[PDB]
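Colleague: In terms of the deposited numbering, the sequence shown is residues 85 to 242.
Every residue, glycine too, gets a C-beta built ideally from N, C-alpha and C.
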Amino acid sequence: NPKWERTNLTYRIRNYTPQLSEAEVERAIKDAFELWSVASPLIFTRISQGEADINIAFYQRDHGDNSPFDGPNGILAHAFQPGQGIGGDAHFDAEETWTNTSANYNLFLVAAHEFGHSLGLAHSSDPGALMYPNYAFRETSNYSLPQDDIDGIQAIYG
Ligand SMILES: C[C@H](NC(=O)[C@@H](CS)Cc1ccccc1)C(=O)NCC(N)=O
Ligand SMILES: [Ca+2]
Ligand SMILES: [Ca+2]
Ligand SMILES: [Zn+2]
Ligand SMILES: [Zn+2]
């Protein structure tokens, strides 16, 4: 069980995707962190620069981590388990079509999935869970965490 021993964690959006405005990217990320906050003791703080616990970036193919992305579709992003350095960081494939609609792919939902990994959760076999290996659109307007995901952060933190 890798987990954060601290409860206030900072994050930094290193770069942006040109497909969305910055406000939309910052909003997608903010809301994604709030789904976890409301079901756990974690507080997320955004820093405009400096070293953050969780770095967020949009990278392409080879991007320095031995986990090369793969062009459109296929893997959409990845995140690292709780830890120092690359630990906790979440990378998104810059070659995907990021949206904030029902069109593939919706950034808030992929960010919400990735942040689960950053907090120590693995994939779930429950197709209704957000932590399920494959993406599926779910309305995001007043989106809330599936019970399985809630069971998951609750088991690591409290
Ligand atoms: C397999 C691939 N999965 C991924 O890229 C996940 C790697 S941690 C990210 C993910 C998973 C579920 C919900 C949102 C984001 C995927 O779903 N690709 C898109 C597809 N379904 O067409
Ligand atoms: Ca891809
Ligand atoms: Ca980190
Ligand atoms: Zn990466
Ligand atoms: Zn995943």
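#1: I want to check one thing, is the minimum distance from the CB of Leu160 to the heavy atoms of ligand 1 below 6 Å?
#2: Take the Cβ of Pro211 as the centre, count every other Cβ of all protein chains shown within 10 Å, and call the residue buried at 16 or more, exposed below.
#3: Taking the straight line between their C-alpha atoms, what separation do you get for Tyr95 and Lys114?
#4: Is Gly148 near ligand 3, judged by its Cβ being under 6 Å from some heavy atom?
#5: Could you check if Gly172 belongs to the surroundings of ligand 3, using beta carbon to heavy atom distance under 6 Å?
#6: Kindly indicate which residue of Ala174, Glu110, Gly158 has the alpha-carbon position closest to the one of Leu203.
#7: Should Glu198 be labelled buried (16 or more other beta-carbon atoms within 10 Å of its own) or exposed?
#8: Do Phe153 and ligand 2 come close, with the Cβ less than 6 Å from some heavy atom?
#9: Look at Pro230 and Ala206 and say whether their C-beta atoms are less than 7 Å apart.
Modeller: According to the data block:
#1: Yes, since a heavy atom of ligand 1 falls inside the 6 Å radius drawn around the Cβ of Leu160.
#2: When all chains shown are included, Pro211 counts as exposed.
#3: Those two C-alpha atoms are separated by around 10 Å.
#4: No, ligand 3 has no heavy atom inside 6 Å of this Cβ.
#5: Look at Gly172: its beta carbon is less than 6 Å from one of the heavy atoms in ligand 3.
#6: Residue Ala174 is the option with its Cα nearest to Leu203.
#7: If you draw a 10 Å sphere on the C-beta of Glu198, you find 16 or more other C-beta atoms in it, and that means buried.
#8: Set against 6 Å, the gap from the CB of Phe153 to the closest heavy atom of ligand 2 is smaller.
#9: By the CB criterion at 7 Å, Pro230 and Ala206 fall outside the cutoff.
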